[PDB]
């Protein structure tokens, strides 16, 4: 039932706080933690994210100024004081500072807050972590956190919302190093990872929404809407009785292939057929990969609002039959639909898409080409080795991420025969 939420670094705390803000309005919780809804459905699965109402959230950072950013926000006063774990100085975009030095000293004090929130759960389902892979704390300390949580709670589900770097949003040349060193950690220690790519979020804001200079607020509006969409079935009763573990078992055919490509419709800053085709469109994906360049292993589509269940059924069959070639034929009925009656804020009809496609390799090949470009000239490698880190961890990491790409292409060209 219960999920413990961990938010790490500046990106992690920003997207983290916008998540709590979005879902609190859906569940009718005001900033003081008091319920004010008009439906019993809002309070039925409140135990999942809230403690009796207070978010079951842990707030970590090495930079103490993000505490003040968090408290400043609309729902900043809702989080528990004891749950804030902060350092004296940030990681300066150094994954090694986050993973091996400053972060590793503070990491034990975080596990004591986790252990406190976890020991208070009726039956803990798992962990939800928000972070970026480009920085130092969220990527370096966060992956360390993941590692220590997995050794303490090996039977629990570990899920991440991981934001991938793009030069379009942060032109910091060390971020591909930080993302590659983290993707290596995520392949071994997460059950499910939602790959939110800042390149995709920038291309949607810039080209589709036409925002000339998008801010983190414009990017985070899509991350928050995606986060609400994918967690819908965990938070509301409907025709589906499921948790993070059932999602994992049916979404992950092979252990390492647990990187999901989420999408949302409609895109903001409508009929059922128009919503269905948009969900399988590259312009609605939160990862910059063309889904028509690969094949889907598994797909989950959560629809939200009042609509004809029959129209949702036939339109979803109409896609598969028309586009037989994009779905692997060796996983029978690999497209699952869930229709939830409660729509999101300011809309009467929404669709959320969760794909496990072989086209995700495009996102990884982008990060690898950048890593490689920098790693060949040995650029800034001293910043990392100076924090007590081996040079061969850079080669472990690249090698592992390159293996992942090979697996995806293996299963993309595999026939049923």
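Residue numbers count along the first chain shown, from 1. Rigid core: the largest C-alpha set superposing within 1.5 Å between the two forms.
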item: Larger mean CA deviation from the shown form in 8 other deposited structures of this protein [core fit; 359 to 367 vs 386 to 394]; value: 386 to 394
item: More shifted region, core-based fit in 8 other deposited structures of this protein, 323 to 331 vs 239 to 247 by CA; value: 239 to 247
item: Count class of deposited residues lacking coordinates, residue 77 to residue 78; value: none
item: Unmodelled stretch of the deposited sequence separating residue 52 from residue 53, binned as none, 1 to 3, 4 to 9 or 10 or more; value: 4 to 9
item: Mean Cα B-factor comparison, 59 to 67 or 367 to 375, giving the higher one as deposited; value: 59 to 67
item: 296 to 304 or 208 to 216, whichever carries the higher mean Cα B-factor; value: 208 to 216
item: Member of 359, 29, 48, 351 with the greatest C-alpha B factor (per the PDB record); value: 29
item: Top Cα B factor in the deposited entry, candidates 112, 199, 243, 191; value: 112
item: Chain-relative CA temperature factor third for residue 415; value: highest
item: CA B-factor placement of residue 161, once the chain's modelled residues are sorted into thirds; value: lowest
item: Assigned third (lowest, middle, highest) for the C-alpha B factor of residue 268; value: highest
item: Among modelled residues of the same chain, the CA temperature factor third for residue 175; value: lowest
item: Residue 255 - Cα temperature factor, lowest/middle/highest third of chain; value: lowest
